[PDB]
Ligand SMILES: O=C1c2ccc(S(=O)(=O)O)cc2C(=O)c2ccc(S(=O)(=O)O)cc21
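Next comes just one chain, in structure tokens: the form solved without this ligand.
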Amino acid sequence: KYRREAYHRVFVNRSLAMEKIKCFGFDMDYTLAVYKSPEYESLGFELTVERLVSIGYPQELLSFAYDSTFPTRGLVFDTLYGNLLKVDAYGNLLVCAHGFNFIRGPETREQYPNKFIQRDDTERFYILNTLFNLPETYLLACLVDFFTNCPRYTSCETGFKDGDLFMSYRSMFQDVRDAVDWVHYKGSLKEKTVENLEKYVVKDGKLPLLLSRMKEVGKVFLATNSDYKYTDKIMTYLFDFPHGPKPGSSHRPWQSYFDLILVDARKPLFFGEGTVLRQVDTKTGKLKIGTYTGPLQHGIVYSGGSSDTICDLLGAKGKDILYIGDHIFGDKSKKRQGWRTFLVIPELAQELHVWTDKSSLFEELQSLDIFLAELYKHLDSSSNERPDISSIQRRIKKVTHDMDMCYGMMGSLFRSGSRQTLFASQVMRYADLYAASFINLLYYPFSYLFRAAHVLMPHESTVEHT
């Protein structure tokens, strides 16, 4: 089976015929504009901490340093017990860290009977899905750790006491949640970023190449939650090369690359009723009092609206639209037709790296497993042998832990041992296509037919056809 090389690959959950794609839609933040790691995370982490201290948190916080090897995306915060939880598709605990203490094993059941959380309880548990939640993920584990080991504060089941003031893990998390928000919305994250774009934002000469090739076979639009003043600063940088689409061609502005540009979308509300469609005034940045209810005829920039507006303006409907982005929405659904989805998952490059330069650890595990099969090979329910496998067992735990440590300290984004993460299952739900970058579409023709990979059940994967 011919397969393109791993770093260039688009992966398929649900089959998609590209020939039938009429529009390519793009998310900006963390899609078109990939923020540099760990630079950008650290910046958010710093501004958030500074925001917390200024509104009254201890000053020891001022000396925390974002550590990129702790968090993985998709962890669950238990606001009742203050834990960071890695869980599987169904709610089973995989990892449970209180501060920097990984609680593990039997001592879990005193707080999680059946090692299980009822994920539906969107009041107790908060899923940290987005790449913007990386800073607050590490930060939460920091605060819990700080307050736990600080003598001026008394540790309790659900929070901490100081005097006759109590600070629940729920309240602290709200402070944190509110701090990040503020930093993105009133704080200096945006300006600190644009003041030093080459430190924070990746740029790639194939980006214009791809989008211009895309525009030759179908329409292309931009639908971002950011505002125009910011989008502009960003989109200008992403396109600032001494050339245009290819080396040798003259530099065109980034607006030229889009049949439709929309900002202030307010996704996810966008995909439902949305907001009123308005039009931005490029000179001032403010909105025009009137809009332009007319058809596609572009030097125009839109604000707000709805996904249906896009479909009206480009004269397409959902199944003909490929939406490209970093964020996992939900449902699929509600009576209007929905777009197909290409999910960008940046962590995928490191994930794939481990899956290759650590071949040695997999074939040990392979062989260790082979070896067990043998120890039990000629046995059945009549036999009384209790073969000692406790030496083999503990060896497995070390090779997998050593493998885990390669990802980060909360392990792989997708897997832990045999089990898939809740994240892995959200991806396989929401995403038709996925890859490390959307740029990988450069290595496939627009006539390509993406065929879904077969996810096999145990009885499928361990049983041969002949």
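For every residue, the number given is its place in the sequence shown, counted from 1. Rigid core: the largest C-alpha set superposing within 1.5 Å between the two forms.
Form deposited with this ligand bound: not shown, discussed below.
For the chain shown alone, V49 is not a contact residue for this ligand in the entry with it bound, no non-hydrogen atom being within 4.5 angstroms. Residue contact with this ligand in the entry with it bound: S412 places no heavy atom within 4.5 Å of it. In the entry with it bound, this ligand lies within 4.5 Å of some heavy atom of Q426.
Interface residue remark: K267 is counted as part of the site for this ligand in the entry with it bound, having a heavy atom within 4.5 Å.
Shown without its partner, this chain lists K233, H327, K219, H98 as candidates; in the entry with it bound, only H327 has a non-hydrogen atom within 4.5 angstroms of this ligand. This chain is displayed alone, yet in the entry with it bound one of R119, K317, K192, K288 has a heavy atom within 4.5 Å of this ligand; that residue is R119.
Proximity to this ligand in the entry with it bound, taken as heavy atoms within 4.5 Å, picks out 267-275 from the listed stretches 248-256, 267-275, 146-154, 290-298. Contacts with this ligand in the entry with it bound, taken as any heavy atom within 4.5 Å, map within 112-148 to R119, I127, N129.
Among the candidates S425, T69, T400, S37, the CA atom that moves 2 angstroms or more between this form and the one not shown after core superposition belongs to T400 alone. Relative to the superposed core, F100 undergoes a C-alpha shift smaller than 2 Å between this form and the one not shown. When two forms of a protein are overlaid on their rigid core, residues whose CA moves 2 Å or more are considered shifted, and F166 is not one of them between this form and the one not shown. After superposing the rigid core, the C-alpha of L368 moves by 2 Å or more between this form and the one not shown. Relative to what is shown, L93 and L365 are closer in the entry with it bound; their C-alpha atoms differ in spacing by at least 3 Å. Annotation: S367/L93 CA-CA distance shorter in the entry with it bound than in the displayed model, change of at least 3 Å.
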